[PDB]
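*Asks:* For reference, this is target.cif, and it has mmCIF, C-alpha atoms and all ligand atoms.
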data_protein
loop_
_atom_site.label_atom_id
_atom_site.label_comp_id
_atom_site.auth_asym_id
_atom_site.auth_seq_id
_atom_site.Cartn_x
_atom_site.Cartn_y
_atom_site.Cartn_z
CA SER A 7 31.98 81.95 -22.22
CA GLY A 8 35.63 82.63 -21.41
CA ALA A 9 39.00 81.05 -20.66
CA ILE A 10 42.30 81.66 -18.85
CA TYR A 11 45.43 81.46 -21.04
CA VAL A 12 48.60 80.84 -18.99
CA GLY A 13 51.80 79.44 -20.49
CA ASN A 14 50.84 76.59 -22.83
CA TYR A 15 47.49 75.96 -21.08
CA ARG A 16 43.88 77.01 -21.67
CA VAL A 17 41.57 76.75 -18.58
CA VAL A 18 37.83 76.57 -19.30
CA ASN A 19 34.62 75.44 -17.61
CA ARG A 20 34.50 71.63 -18.15
CA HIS A 21 30.80 71.88 -19.23
CA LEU A 22 31.77 74.36 -22.01
CA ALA A 23 34.90 72.53 -23.26
CA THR A 24 35.10 72.08 -27.04
CA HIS A 25 36.03 69.03 -29.15
CA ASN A 26 39.52 70.61 -29.57
CA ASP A 27 39.88 71.04 -25.75
CA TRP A 28 39.15 67.30 -25.28
CA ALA A 29 41.57 66.35 -28.10
CA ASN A 30 44.32 68.36 -26.36
CA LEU A 31 43.35 67.35 -22.79
CA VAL A 32 45.83 67.92 -19.94
CA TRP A 33 43.55 67.53 -16.89
CA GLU A 34 39.84 67.66 -16.05
CA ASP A 35 37.75 67.39 -12.92
CA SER A 36 33.93 67.13 -13.04
CA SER A 37 33.72 67.83 -9.30
CA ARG A 38 35.38 71.23 -9.89
CA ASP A 39 33.77 72.04 -13.32
CA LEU A 40 37.30 72.59 -14.72
CA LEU A 41 39.15 71.39 -17.80
CA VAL A 42 42.69 72.35 -18.91
CA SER A 43 43.89 71.82 -22.51
CA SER A 44 47.27 72.42 -24.15
CA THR A 45 47.97 75.33 -26.54
CA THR A 46 50.65 76.03 -29.17
CA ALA A 47 50.82 79.79 -28.50
CA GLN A 48 52.04 81.35 -25.21
CA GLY A 49 49.24 82.69 -22.95
CA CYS A 50 48.33 86.32 -21.97
CA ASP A 51 47.34 85.66 -18.22
CA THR A 52 49.18 85.44 -14.57
CA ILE A 53 47.65 83.24 -11.78
CA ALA A 54 47.25 84.68 -8.26
CA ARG A 55 48.94 82.71 -5.43
CA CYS A 56 47.30 84.26 -2.40
CA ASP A 57 44.43 84.10 0.08
CA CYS A 58 42.44 87.17 -1.15
CA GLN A 59 38.66 87.12 -0.50
CA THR A 60 37.95 90.32 -2.47
CA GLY A 61 38.38 90.96 -6.18
CA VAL A 62 36.68 92.05 -9.40
CA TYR A 63 34.89 89.81 -11.94
CA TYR A 64 33.73 90.29 -15.49
CA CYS A 65 29.96 89.85 -16.07
CA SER A 66 29.20 89.31 -19.77
CA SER A 67 25.40 89.66 -19.24
CA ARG A 68 26.04 93.29 -18.18
CA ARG A 69 29.22 94.00 -20.24
CA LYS A 70 30.64 95.26 -16.91
CA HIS A 71 33.10 94.42 -14.13
CA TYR A 72 31.87 94.28 -10.51
CA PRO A 73 33.73 94.19 -7.18
CA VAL A 74 32.95 91.14 -4.92
CA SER A 75 33.60 89.70 -1.46
CA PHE A 76 33.78 85.89 -1.89
CA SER A 77 33.93 82.84 0.38
CA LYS A 78 37.02 80.61 0.65
CA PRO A 79 37.08 77.59 -1.73
CA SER A 80 34.59 75.01 -0.42
CA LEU A 81 32.27 72.06 -1.17
CA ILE A 82 28.81 73.33 -2.17
CA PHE A 83 25.70 71.47 -3.30
CA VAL A 84 24.77 72.32 -6.91
CA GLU A 85 21.33 71.29 -8.26
CA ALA A 86 21.06 69.14 -11.40
CA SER A 87 21.44 70.84 -14.77
CA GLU A 88 21.65 69.59 -18.37
CA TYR A 89 25.43 69.24 -17.78
CA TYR A 90 25.62 67.41 -14.46
CA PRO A 91 23.48 65.44 -12.01
CA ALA A 92 22.80 66.99 -8.57
CA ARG A 93 26.21 66.86 -6.81
CA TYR A 94 28.69 68.68 -4.56
CA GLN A 95 31.04 70.95 -6.49
CA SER A 96 34.45 71.38 -4.78
CA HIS A 97 36.87 74.43 -4.70
CA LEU A 98 33.85 76.77 -5.30
CA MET A 99 33.66 80.33 -3.93
CA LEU A 100 30.38 82.20 -3.60
CA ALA A 101 29.65 85.93 -3.74
CA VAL A 102 26.72 88.31 -4.09
CA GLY A 103 26.69 89.63 -7.66
CA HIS A 104 24.65 89.35 -10.82
CA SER A 105 25.13 86.28 -13.05
CA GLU A 106 23.31 84.29 -15.76
CA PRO A 107 24.49 80.88 -17.19
CA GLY A 108 26.27 82.40 -20.22
CA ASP A 109 28.47 84.35 -17.77
CA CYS A 110 30.45 81.12 -17.08
CA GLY A 111 34.12 81.65 -17.99
CA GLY A 112 34.26 85.29 -16.85
CA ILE A 113 37.47 85.93 -14.93
CA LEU A 114 37.71 86.85 -11.22
CA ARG A 115 40.95 88.79 -10.48
CA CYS A 116 42.54 90.26 -7.36
CA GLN A 117 45.65 92.57 -7.28
CA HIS A 118 47.89 89.42 -7.58
CA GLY A 119 46.38 87.92 -10.74
CA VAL A 120 43.63 85.56 -11.87
CA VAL A 121 41.76 83.86 -9.04
CA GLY A 122 39.18 81.78 -10.94
CA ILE A 123 36.27 81.71 -13.42
CA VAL A 124 32.47 82.00 -13.10
CA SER A 125 30.96 78.49 -12.76
CA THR A 126 27.58 78.79 -10.87
CA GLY A 127 25.04 81.44 -9.96
CA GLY A 128 21.47 82.70 -9.88
CA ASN A 129 19.20 84.75 -7.57
CA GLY A 130 21.81 87.44 -7.12
CA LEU A 131 24.67 85.02 -6.42
CA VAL A 132 27.76 84.24 -8.52
CA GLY A 133 30.03 81.20 -7.88
CA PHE A 134 33.68 80.96 -8.99
CA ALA A 135 35.78 77.87 -9.60
CA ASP A 136 39.17 78.56 -7.86
CA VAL A 137 42.38 77.94 -9.80
CA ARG A 138 44.97 79.31 -7.27
CA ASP A 139 45.81 75.85 -5.91
CA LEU A 140 46.82 74.55 -9.41
CA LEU A 141 50.51 75.31 -9.03
CA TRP A 142 51.47 73.34 -12.15
CA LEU A 143 49.75 75.98 -14.37
CA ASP A 144 52.99 78.10 -13.93
CA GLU A 145 55.47 75.44 -15.06
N1 LIG B 1 28.96 74.40 -12.35
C1 LIG B 1 27.76 73.89 -12.63
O1 LIG B 1 27.39 72.78 -12.23
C2 LIG B 1 26.81 74.81 -13.39
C3 LIG B 1 26.44 74.26 -14.78
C4 LIG B 1 25.48 75.23 -15.50
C5 LIG B 1 24.26 75.50 -14.63
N2 LIG B 1 24.65 75.95 -13.28
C6 LIG B 1 24.30 77.12 -12.65
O2 LIG B 1 24.65 77.36 -11.51
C7 LIG B 1 23.40 78.11 -13.37
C8 LIG B 1 22.10 78.30 -12.55
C9 LIG B 1 21.14 79.31 -13.17
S1 LIG B 1 21.84 80.96 -13.06
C10 LIG B 1 23.58 80.67 -13.32
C11 LIG B 1 24.36 81.83 -13.35
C12 LIG B 1 25.72 81.74 -13.58
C13 LIG B 1 26.31 80.52 -13.82
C14 LIG B 1 25.53 79.37 -13.79
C15 LIG B 1 24.17 79.42 -13.51
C16 LIG B 1 25.53 75.01 -12.58
ZN ZN B 2 45.26 88.10 -4.27
#
Take the structure in this file and express it as structure tokens.
*Replies:*
Amino acid sequence: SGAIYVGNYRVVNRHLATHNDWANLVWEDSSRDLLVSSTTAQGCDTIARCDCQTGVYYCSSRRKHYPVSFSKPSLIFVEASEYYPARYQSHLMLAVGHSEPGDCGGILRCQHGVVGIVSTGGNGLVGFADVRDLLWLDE
């Protein structure tokens, strides 16, 4: 679990969005596993606007942060799950690091701000949904 809170927006994994997220929907994209809902309170987070390929993510299944080298946002095949059919997920970045399904929502950060959230993983990999291209999150 986990979310990004920036301005009057809450960014979560689309497959973990709540009834309240859908009732306050701003934007969603199944191909990216992202959903953004509106909030009444002002957020605590800053979004990175950069091309970093190194950063630190929070892993809830270890209660620890780990440093990672990650690939640029890309289209990657993701096997079927209870949430989605087998499909290509776009704007996904892969790295070597521990992750389990409940780690989705953990934040990846570089020195500039939030980069993205855990969205895929397994077998010693961890995949992050990028949010740095969503310029409207700042306005
Ligand atoms: N974005 C998706 O389509 C997700 C939906 C939930 C399931 N997905 C995973 O990749 C699982 C694989 C087992 S291990 C694992 C560790 C971390 C995170 C997620 C997973 C795909
Ligand atoms: Zn950066």
*Asks:* Please find the residues contacting ligand ZN 2 (chain B) at a distance of at most 7 Å between atoms, with only C-alpha atoms and all ligand atoms counted, and report them as an mmCIF file with C-alpha atoms, keeping the file's coordinate frame.
*Replies:*
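Printed below is pocket_27.cif as written:
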data_model
loop_
_atom_site.group_PDB
_atom_site.id
_atom_site.type_symbol
_atom_site.label_atom_id
_atom_site.label_comp_id
_atom_site.auth_asym_id
_atom_site.auth_seq_id
_atom_site.Cartn_x
_atom_site.Cartn_y
_atom_site.Cartn_z
ATOM 1 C CA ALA A 54 47.250 84.680 -8.260
ATOM 2 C CA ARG A 55 48.940 82.710 -5.430
ATOM 3 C CA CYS A 56 47.300 84.260 -2.400
ATOM 4 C CA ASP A 57 44.430 84.100 0.080
ATOM 5 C CA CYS A 58 42.440 87.170 -1.150
ATOM 6 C CA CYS A 116 42.540 90.260 -7.360
ATOM 7 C CA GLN A 117 45.650 92.570 -7.280
ATOM 8 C CA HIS A 118 47.890 89.420 -7.580
ATOM 9 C CA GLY A 119 46.380 87.920 -10.740
#
*Asks:* Within 12 Å of (26.6, 82.6, -7.5), in the coordinates the file gives, what residues turn up when you count all atoms listed in the file, written out as an NGL selection string?
*Replies:* :A and (63 or 65 or 74-77 or 82-84 or 98-107 or 109-110 or 123-135)
*Asks:* Return the single residue from A:86, A:32, A:120, A:113 that is closest to ligand LIG 1 (chain B), with distances computed using all atoms listed in the file.
*Replies:*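 That would be A:86, the residue with the smallest distance to ligand LIG 1 (chain B).
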*Asks:* Calculated over all atoms listed in the file, which of the candidates A:12, A:7, A:92, A:145 has the smallest distance to residue 52 in chain A?
*Replies:*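 Smallest separation from residue 52 in chain A among the options: A:12.
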*Asks:* Nearest residue to ligand LIG 1 (chain B) out of A:14, A:41, A:60, A:49, using only C-alpha atoms and all ligand atoms?
*Replies:* A:41
*Asks:* So how far away is CA of residue 8 in chain A from CA of residue 64 in chain A, in Å?
*Replies:*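 Separation between CA of residue 64 in chain A and CA of residue 8 in chain A: 9.9 Å.
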*Asks:* Using only C-alpha atoms, find the one residue out of A:80, A:108, A:114, A:43 that sits nearest to residue 26 in chain A.
*Replies:*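 Smallest separation from residue 26 in chain A among the options: A:43.
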*Asks:* Using only C-alpha atoms and all ligand atoms, which of the listed residues (A:18, A:69, A:28, A:85) sits closest to ligand LIG 1 (chain B)?
*Replies:*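 Smallest separation from ligand LIG 1 (chain B) among the options: A:85.
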*Asks:* If we draw a sphere of 6 Å around (41.0, 83.2, -6.0), which residues have at least one atom in it when counting only C-alpha atoms? Please report them as an mmCIF file with C-alpha atoms, in the frame of the given file.
*Replies:*
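Result file selection_31.cif:
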data_model
loop_
_atom_site.group_PDB
_atom_site.id
_atom_site.type_symbol
_atom_site.label_atom_id
_atom_site.label_comp_id
_atom_site.auth_asym_id
_atom_site.auth_seq_id
_atom_site.Cartn_x
_atom_site.Cartn_y
_atom_site.Cartn_z
ATOM 1 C CA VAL A 121 41.760 83.860 -9.040
ATOM 2 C CA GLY A 122 39.180 81.780 -10.940
ATOM 3 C CA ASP A 136 39.170 78.560 -7.860
ATOM 4 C CA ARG A 138 44.970 79.310 -7.270
#
*Asks:* Using Å and a single decimal, report how far CA of residue 93 in chain A sits from CA of residue 9 in chain A.
*Replies:*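 Distance between the two atoms: 23.6 Å.
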*Asks:* Nearest to residue 45 in chain A: which of A:97, A:115, A:78, A:16 is it, counting only C-alpha atoms?
*Replies:*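 Among the listed residues, the smallest separation from residue 45 in chain A belongs to A:16.
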*Asks:* If you measure from atom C2 of ligand LIG 1 (chain B) to CA of residue 38 in chain A, what distance in Å do you get, rounded to one decimal?
*Replies:*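 Between these atoms lies a distance of 9.9 Å.
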*Asks:* Work out where the centre of an axis-aligned box around every listed atom of range 104-116 of chain A lies and how long its edges are once 4 Å is added on each side; give both in Å to one decimal as lines of an AutoDock Vina configuration file.
*Replies:*
center_x = 32.9
center_y = 85.6
center_z = -13.8
size_x = 27.2
size_y = 17.4
size_z = 20.9
